[PDB]
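Novice: Structure below; questions to follow.
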Amino acid sequence: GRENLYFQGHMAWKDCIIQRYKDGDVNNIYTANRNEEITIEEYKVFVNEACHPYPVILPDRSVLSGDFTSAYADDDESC
């Protein structure tokens, strides 16, 4: 963790993380609950329970890739 935005220590993100690839490179980072519709540039996207956005391709042919935020932002869980 470093200083860009003030999030160091703990970081409550959603269940699923949706990376928006624009032109073959990761442009934006989105996140959604399992079974949740987000919106990306007025395109609404439903993320399934296993963290996968639908549809995966946008009208721009932006590539969406969903994974669990668990293995991304993680959010250091208090024990």
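We label chains A, B, ... in the order they appear in the structure tokens, count residues from 1 in each chain, and number ligands from 1 in the order shown.
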Report as a VMD selection string all protein, DNA and RNA residues lying within 9 Å of residue 53 in chain A, evaluated on only C-alpha atoms, omitting residues in the same chain fewer than 2 positions from it.

Specialist: chain A and resid 18 37 to 38 45 to 48 51 55 to 56 64 to 66

Novice: Using only C-alpha atoms, which residues sit within 7 Å of residue 62 in chain A once same-chain residues fewer than 5 positions away are excluded, as a ChimeraX atom specification?

Specialist: /A:20-23,57

Novice: Could you tell me how far CA of residue 26 in chain A lies from CA of residue 13 in chain A, in Å and to one decimal?

Specialist: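 A separation of 18.5 Å between them.
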
Novice: One decimal, in Å: what's the spacing between CA of residue 17 in chain A and CA of residue 77 in chain A?

Specialist: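 A separation of 17.0 Å between them.
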
Novice: Just the number, please: distance in Å from CA of residue 24 in chain A to CA of residue 59 in chain A, one decimal.

Specialist: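 So the two atoms, CA of residue 24 in chain A and CA of residue 59 in chain A, lie 14.0 Å apart.
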
Novice: Run DSSP on the backbone of this structure and report the residues of chain A it assigns to strand (DSSP E), as a PyMOL selection string.

Specialist: chain A and resi 16-22+25-32+36-40+43-48+52-54+63-68

Novice: May I have the residues within 7 Å of range 4-12 of chain A as JSON, numbers by chain, using only C-alpha atoms and disregarding those fewer than 2 positions away in the same chain?

Specialist: {"A": [1, 2, 14, 75, 76]}
